[PDB]
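A structural walkthrough
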Amino acid sequence: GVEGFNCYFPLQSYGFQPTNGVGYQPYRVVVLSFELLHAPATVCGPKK
Amino acid sequence: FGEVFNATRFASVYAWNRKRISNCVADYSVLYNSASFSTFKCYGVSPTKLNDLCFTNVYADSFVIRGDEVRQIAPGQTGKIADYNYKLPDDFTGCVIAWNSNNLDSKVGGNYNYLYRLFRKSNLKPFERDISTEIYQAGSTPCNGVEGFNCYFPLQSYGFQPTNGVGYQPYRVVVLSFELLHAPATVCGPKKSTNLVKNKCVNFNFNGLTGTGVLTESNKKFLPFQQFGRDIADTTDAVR
Amino acid sequence: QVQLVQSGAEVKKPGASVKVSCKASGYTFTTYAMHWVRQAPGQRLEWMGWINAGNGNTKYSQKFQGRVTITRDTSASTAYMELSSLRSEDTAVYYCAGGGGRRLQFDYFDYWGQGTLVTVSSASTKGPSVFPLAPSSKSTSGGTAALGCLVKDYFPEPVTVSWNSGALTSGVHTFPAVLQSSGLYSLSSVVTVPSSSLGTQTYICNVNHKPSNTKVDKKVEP
Amino acid sequence: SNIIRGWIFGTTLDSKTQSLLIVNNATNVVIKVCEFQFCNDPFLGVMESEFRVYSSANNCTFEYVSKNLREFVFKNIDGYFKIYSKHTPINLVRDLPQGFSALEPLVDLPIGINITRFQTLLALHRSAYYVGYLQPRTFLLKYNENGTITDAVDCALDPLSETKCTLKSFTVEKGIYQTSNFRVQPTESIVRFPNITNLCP
Amino acid sequence: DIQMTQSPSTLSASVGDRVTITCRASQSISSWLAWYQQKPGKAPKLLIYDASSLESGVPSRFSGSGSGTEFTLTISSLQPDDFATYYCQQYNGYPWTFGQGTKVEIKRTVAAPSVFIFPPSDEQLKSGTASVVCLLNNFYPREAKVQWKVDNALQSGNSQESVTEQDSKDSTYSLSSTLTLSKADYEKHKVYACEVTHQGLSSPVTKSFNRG
Ligand SMILES: *[C@@H]1O[C@H](CO)[C@@H](O)[C@H](O)[C@H]1NC(C)=O
Ligand SMILES: *[C@@H]1O[C@H](CO)[C@@H](O)[C@H](O)[C@H]1NC(C)=O
Ligand SMILES: *[C@@H]1O[C@H](CO)[C@@H](O)[C@H](O)[C@H]1NC(C)=O
Ligand SMILES: *[C@@H]1O[C@H](CO)[C@@H](O)[C@H](O)[C@H]1NC(C)=O
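As documented in the archive entry, the model was determined using cryo-EM at 3.65 Å resolution.

What follows is the structure, given as structure tokens:
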């Protein structure tokens, strides 16, 4: 709970400015996950 | 390391000096936590790992700069001092240290031992010393080795007076460099050590010999240059 | 080896100005540091100022502010000093110093000029008066007695003295000069000899004051 | 006496590239690594004033200071310059004797230096040595109970030695032993392709 | 301004010995100093700078030390070429000052002076001013005292003292005391005496004469 040498704050920041290059643009990422078990199989999707 | 950080007279930026320092045992603990360095920062290598990452060859440089100008000793910016006197390649892999010091360097009324270039024809290729002062040539009447209109002396001076403010105090700066190469390295970090217990299953480590077992005292006699023994089937069954 | 040489002796008068100068001979001129310092006789040295033989910078003292100036000539590689409003105190010996070489500036004097002598007086050239120094048989000490050749009220300090033109060397003594209230200098030189040869020998001091070209001899009569 | 007073190593034995220098005056050994300028015939005298060896000592990157048969093995791997040595007493003066004597490691220098050439240094007159080379071989070393090498077998000398190496022993009993294979080698590389006819117009 | 005073003053020694000098500063100095050797009638030669470093071309005997305020020079063996003063220079701040002077000597058994007086010459008596010379030769201590006694009275202000410099071969000192006065005072007085007090002498010694 102090600021000084060897005392950092963990949360930096993105300066997402449109003038930036492609390498520093922001990206919205979404990630999915799937697994197999012994019963659920509740989400199948189309296939009729 | 102890003497460079405590050398009594540091050179000025344009005449920065090196030390082909190698084949030794660094120890960054106190250097990290001497609790006196107003500006410790570096790149490429984390400030804490560097205790042990063994290095091929390391170079140390030093000089004295104006106070506020300290930031310009870093890759990828400009400033009259980083423009003509010293700049760092953008693939830099060392560390940069700076701490305030006028109590040693600002002779009262004004210090004049510290000079830095102001005018040069070309921006300065990284890592070169350009000692030879050259009179600047501008437009008509270009001037070489002469003083007059259109002729400018390159070495200005710092007036390091203690009455100055913090922004203009003098700073002794030292900068390090590390790199990874083919031939086996020669400057490694200090190695942690401990006592030795006998007659218990332990995890031992002697110099790099790593295993687990119980250590007893023996009736063997090695040869003065021999460091450990092994038996048929090539298992280690003794150590020094 | 770097060496520094400079002008000879000077004599001036109150209110005037004097210009001493020293020529340099250094392997490189890497912002050389001709750097002046002075010494009143039998006193603490006193520091004048430093010229930046690189370009033009002219940091000066503070007791001597506003009346002393320093310059240098690049082609001749010499250093020029100038002082005005002189007065009887500044009687001294003046020195050139400097010459770092490795780094560009210091503040310690590692190459010294052989010295320049400056005398601030109000008098003028004058010959020296001479009187003998006869002993008496009252003080026959070990069969040896002393004897001398006084010199009084003389102007510049160029007062070589010898006895019978080098004939005598033993026990000679020549004291340093002393200023008087009148502004004139004075010296006494003496020597002792075995009193056995008193009445049978011939001793005459030999004085040469070049600034007045006089040469005087005086036989001492016991 | 001591006429052999060290060696000098390197690629060019001059400036413009780095080299090692190992010397011994009547005092003690002086290892050194600079860029030098070596006399094409460098030596040291024996007054007893000497050392016409080099005339330059620039950029030094490593320093150090402090009849008879004296063997040495010099090798240079991965920027390390290893030196093994042994000092046996002959009962001759200057001829190469016969016998077995294993050489114990002395030094290790993490230089990085390239080496292609070397020389010797001798103390002149003012008031015998050999050079072998090393190749990749396979040997069978016999270790004593104190841990010293007392005998060896070179396994590529003759059929008997190859048999001893195959059995891992110093005494083979009568029999017949398969020791290796043999194969004739092909010469050249004759190739054959169809005629360069129907040439593109 | 920075003051520089050396507590050592004059010192004593003999060949093949060690000596020490102290240079104190009125204020704090961050080990900025130098030591100069000055023989009589020559130019200063530098010995030590930054209070520690040994400048080239000097004998290895010389050695600096010290930091902060109290600073020290020291030589192991005393060679002949060591016989001169030594100054300390500060360069912590502006106007750079110097010390006072610390001068060495050549110790020997104390030498008793030989005293001599000369009456004024009659040719000088023609001129119009009177000069009287009291002389001391070969007294090893440099420090001494001379006083003039005229008509059984002490005399002040009108006397000048000039002291030689110690000779290398002789290794002693010699002194002249001069009493000057105008004629009107001369015949007004009948008896003249200079008196000297010296360490080597058992008792104060008076030498004198009268006119004729
Ligand atoms: C022996 O040679 C080395 C080579 O530099 C030298 O440093 C050393 O001083 C020599 N020995 C003596 C007694 O000079
Ligand atoms: C090696 O020496 C040469 C000549 O003295 C010099 O130009 C060069 O800079 C030196 N090498 C290094 C890495 O400084
Ligand atoms: C040694 O010489 C070879 C020449 O083929 C060169 O390629 C190599 O880089 C040199 N060694 C080192 C460590 O540079
Ligand atoms: C060395 O080996 C010899 C013979 O193999 C043996 O007698 C001796 O005990 C061993 N150890 C020594 C000499 O310390």
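Moving on: the interface of chain B and chain E. Bring the parts together and some accessible area is lost; that lost area is often taken as the interface size. Listed as interface residues are 10 residues of chain B and, on the opposing side, eight residues of chain E. For the pair chain B and chain E, the two sides together bury roughly 770 Å², of which 47% comes from carbon and sulfur. Looking only at chain B, the three residues that lose the most surface to chain E are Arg-9, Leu-104 and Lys-107 of chain B, adding up to 56% of its buried area. Counting across the chain B and chain E interface gives one salt bridge. Here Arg-9 of chain B and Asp-50 of chain E are joined by a salt bridge, their closest N and O atoms 2.3 Å apart. Residues of the side of chain B that touches chain E, tallied by class, amount to three nonpolar, five polar and two charged.

A few words on the site of ligand 1. All names here are of chain D. All residues adjacent to ligand 1 are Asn-25, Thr-27 and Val-30. Contacts to ligand 1 include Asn-25, whose side-chain N or O atom sits 2.4 Å from an oxygen atom. In the complex, the protein chains occlude 44% of the 350 Å² of accessible area that ligand 1 would expose alone.

Here, the word disulfide means a covalent bond between the sulfur atoms of two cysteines. Counted under the stated rule, the structure contains nine disulfides over all chains. Note on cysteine connectivity: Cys-22 of chain C is disulfide-linked to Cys-96 of chain C, with sulfurs 2.0 Å apart. On the S-S bond that ties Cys-22 of chain C to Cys-96 of chain C, the torsion sits near -100°, and the link is left-handed. Of this pair, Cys-22 of chain C sits in strand 3 (residues 17–25) while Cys-96 of chain C is found in strand 9 (residues 92–98), placing the two residues 74 residues apart along the sequence. Residue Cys-22 of chain C shares its accessibility class with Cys-96 of chain C, and that shared class is buried. Between the sulfur of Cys-34 of chain D and that of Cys-60 of chain D lies a disulfide, 2.0 Å long from S to S. Disulfide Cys-34 of chain D to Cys-60 of chain D: torsion about the S-S bond roughly 90°, handedness right-handed. By relative accessible area, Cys-34 of chain D is classed as buried at 0%. Look at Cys-60 of chain D and you get partly exposed, because its relative accessible area is 29%.

Time to look at the packing of aromatic side chains. All chains considered together, the criterion is met by 44 aromatic pairs over all chains. Aromatic pair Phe-109 of chain C and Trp-112 of chain C: ring centres 5.4 Å apart, planes at 55°, arrangement tilted. What makes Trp-112 of chain C buried here is its relative accessible area of 10%. Here the aromatic cluster, defined as three or more aromatic residues joined through ring pairs, consists of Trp-7, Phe-9, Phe-72, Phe-74, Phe-81 and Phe-118 of chain D. Lying over the aromatic face of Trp-32 of chain E, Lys-107 of chain B brings its terminal NZ or CZ to 5.7 Å of the ring centre.

The next subject is the arrangement of the chains. No other pair of the five pairs of chains in contact has as many contacts as chains C and E. The two units chain A and chain C are non-contacting; their minimal C-alpha-C-alpha distance is 35 Å. Of all C-alpha pairs spanning chain D and chain E, none lies closer than 21 Å, and the two are not in contact.

The subject of this paragraph is the nonpolar core. Formed by 42 residues in total, the largest nonpolar core has its most connected members in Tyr-108, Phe-109 and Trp-112 of chain C together with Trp-35 and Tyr-36 of chain E. Elements supplying a minimum of two residues to this core: strand 5 (45–51) and strand 9 of chain C together with strand 2 (19–25), strand 3 (33–38), strand 4 (45–49), strand 7 (71–75) and strand 8 (85–90) of chain E. Excluding residues within four positions of it along the chain, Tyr-108 of chain C makes contact with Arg-103 of chain C together with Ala-34, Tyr-36, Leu-46, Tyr-49, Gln-89 and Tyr-91 of chain E. Counting residues in hydrophobic clusters, the runner-up holds 38 residues, among them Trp-16, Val-58, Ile-81 and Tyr-114 of chain B.

Turning next to the interface of chain E and chain C. The partner chain C presents 38 residues to the 38 residues of chain E that form the contact. Of all residues in chain E, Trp-96, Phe-98 and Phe-118 of chain E bury the most surface against chain C, accounting for 20% of the area lost on that side. Linking chain E to chain C there are zero salt bridges. For the pair chain E and chain C, the interface holds 12 residue pairs in polar contact. In terms of residue count, strand 10 (residues 129–137) of chain E provides more of the side of chain E that touches chain C than any other element does, four residues in total. Taken together, the residues of the side of chain E that touches chain C sort by class into 20 nonpolar, 14 polar and four charged.

We now examine the UniProt feature "disulfide bond" in chain B. All names here are of chain B. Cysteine pair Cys-42 and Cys-95, annotated in UniProt as disulfide-bonded: S-S separation 2.0 Å, below the 2.5 Å cut-off, and the bond is accordingly regarded as formed. One end of the pair, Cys-42, is in strand 3 (residues 39–42); the other, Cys-95, is in strand 5 (residues 95–100), with 53 residues separating them in the sequence. Judged by relative accessible area, which is 15%, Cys-42 ranks as buried. You can call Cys-95 buried: its relative accessible area is 3%.

A few words on unusual backbone geometry. One non-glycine residue, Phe-127 of chain B, lies in the positive phi region at around 60°. With respect to the helices, strands and loops of the structure, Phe-127 of chain B is situated in the loop between strand 5 and strand 6 (136–137). A positive phi angle, close to 60°, is found at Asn-59 of chain D, a residue other than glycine. Here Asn-59 of chain D lies in strand 4 (residues 54–63).

Among the residues of helix 1 (residues 159–167) of chain D, those classed as buried are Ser-161, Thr-163, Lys-164 and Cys-165 of chain D. One or two residues past the end of helix 1 of chain D sits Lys-168 of chain D, with phi positive at roughly 60°.

Turning to the pattern of salt bridges, a few remarks are in order. Under the criterion given, the structure shown has 18 salt bridges over all chains. Residue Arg-87 of chain C is joined to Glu-89 of chain C by a salt bridge in which the shortest nitrogen-to-oxygen separation is 3.4 Å. A relative accessible area of 48% places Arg-87 of chain C in the partly exposed class. Linked by salt bridges that have partners in common, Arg-66, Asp-68 and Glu-69 of chain B make up one network.

Residue and element names in this part refer to chain B. An order of 1-4-8-5-3 is seen for the five strands of this open sheet, with the pairing classed as antiparallel. The open sheet has two free edges, formed respectively by strand 1 (20–21) and strand 3, since each of these has just one partner strand. Across four bridges, strand 3 lies against strand 5 in antiparallel orientation. Along strand 5, the bridge assignment pairs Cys-42 with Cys-95.

Moving on to the site of ligand 4. Residues and elements named next belong to chain D. Near ligand 4 you find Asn-144, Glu-145 and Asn-146, and these make up its full shell. A distance of 3.4 Å separates an oxygen atom of ligand 4 from a polar atom in the side chain of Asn-144. Here an oxygen atom of ligand 4 and a side-chain polar atom of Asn-146 are 2.3 Å apart. Its free accessible area being 350 Å², ligand 4 has 28% of it covered by the protein chains.

The rules we used
Residues numbered from 1 in each chain as written, not as in the entry; some residues may be left out. Chains lettered and ligands numbered in written order. Part of a larger assembly, values for the part shown. Heavy atoms only, no water. Contact = heavy atoms within 4.5 Å. Buried area = accessible area lost by both parts, 1.4 Å probe. Salt bridge = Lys/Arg side-chain N within 4 Å of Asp/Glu carboxyl O. Nonpolar A, V, L, I, M, F, W, Y, C, P; charged D, E, K, R; others polar. Near = heavy atom within 4 Å. Polar contact = N/O pair within 3.5 Å; in protein donor to acceptor, adjacent residues only side chain to side chain. Areas by Shrake-Rupley, 256 points an atom, 1.4 Å probe, with all protein chains shown as cover. Disulfide = S-S within 2.5 Å. Helix = DSSP H or I, 4+ residues; strand = E, 2+ residues; numbered from the N terminus. Buried < 20%, exposed > 50% of the residue type's maximum accessible area, 1.4 Å probe, protein only. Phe/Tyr/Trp six-rings, centres within 6.5 Å; stacked < 30°, edge-to-face > 60°. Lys NZ or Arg CZ within 6 Å of the ring centre and 35° of its normal. Core = buried A, V, L, I, M, F, W, Y, C linked by side-chain atoms within 4.5 Å. UniProt positions renumbered as here; feature names shortened; annotations may be inferred. Pairing = 2+ DSSP bridges.

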